[PDB]
Structure formats: structure tokens, C-alpha cells
């Protein structure tokens, strides 16, 4: 039995590809969704018995696991279109360490450099919908995965503040943390290769 974790920031399609590919060599698979803020924390608990994690988060050397990279995805910093920072931005790119960021809480309460909020004040939430309802309201601005936002974006419900920095969307790697037991295992080596190919292909 193979327990694999997938954070809320991994696009579903990625999930399917991961999921479907796993199926090829694998017979029992449990899939857990976590906040990206809680993934590494989770794998770290020895008991939780995770075997694979698919995350946007980074920690280079983890106690029992090896990192490697599955693919790339995109985040956008979004705000309600009427937000002051919205529209004219270049200062805005600087000024948002000052505006309220709706950031992703962590049960640990600690964040990597990657996920720690840029701004104070911050108001923590537990997931992206939570984060987005707030930003649509919209009390603050947030960084969200592409998928959680595409639909909204086209409507004009939401605005992209994130363009000048990293135009075209913030490029974010998708790591794969896997228990070292798996390193020799051909099933896993096969899995990785397929998924990777499929993901590039989809790109």
C-alpha cells in the first residue's frame, strides 16, 4: 500500500496524470490532499507514513526523503479589480508588503521561505477558496495557483497584480518527495518517467 500526498496547489490535471500513471504499476494507492503549508510538516511526521509527496514547497534535505522535480505550474498574485494596488502597479509591486495579504495558514504555524507571507499584516486562512472569497470581497490580495483562478480571471471578478514581477505568471516547480526506500524500486522509476513525460507533453 502506497500513500501519496498532493497539495492543493497541484493542478488537478497534474493529479490525474500522477494518479492515472500510478495506477499502471500500482495496486493500492491512497491519496491525501494537504495545504501546501502543511505538506512537508506532514511527511516529516514519522507516523504519517507518506511515501510520496507532490508539492510546491521546498526544503532541500529532508530526513528520510529525496526530492526531485516533476514539473512546473503557475501562481498569480490576485486582487479584486477595484483594489487600489490594482491597475497601475510598479510601485504597487513594492507597496504590497504593506497591503493586507490573505496568506495560507499552517498548522505548524511556521512557513518555508517559499510560503512565508511577504506582507504584514497578513490574515491566515486554511485553503484557497477561503483565501479567494476574502480576496474577491475583497479584503486583501493573495497568491493562488492558476487553476483556482483561471475561471474567475476571465470574468473580471479578479485582477492580476503579479505581472511586472514574473510576467506570464509566477513560475513554480512541482517537487516530488519520495521515501528513499523507493529509490531502487523500478515501479517508482517507471512512474516518475511517465508522469514527467505526460506533464511536459501537456505543456
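Positions refer to the first chain, counted from 1.
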Mean temperature factor over C-alpha atoms, higher-scoring stretch between 68 to 76 and 81 to 89: 81 to 89
Of 149 to 157 and 48 to 56, the stretch whose C-alpha atoms average the higher B-factor in the entry: 149 to 157
Top Cα B factor in the deposited entry, candidates 42, 172, 35, 63: 63
Chain thirds of CA B-factor: placement of residue 9: lowest
Chain-wide C-alpha B factor ranking for residue 137, given as lowest, middle or highest third: lowest
Third of chain Cα B-factors occupied by residue 94: highest
Lowest, middle or highest third - CA B-factor, residue 176: lowest
Cα B factor band for residue 29 (lowest, middle or highest third within the chain): middle
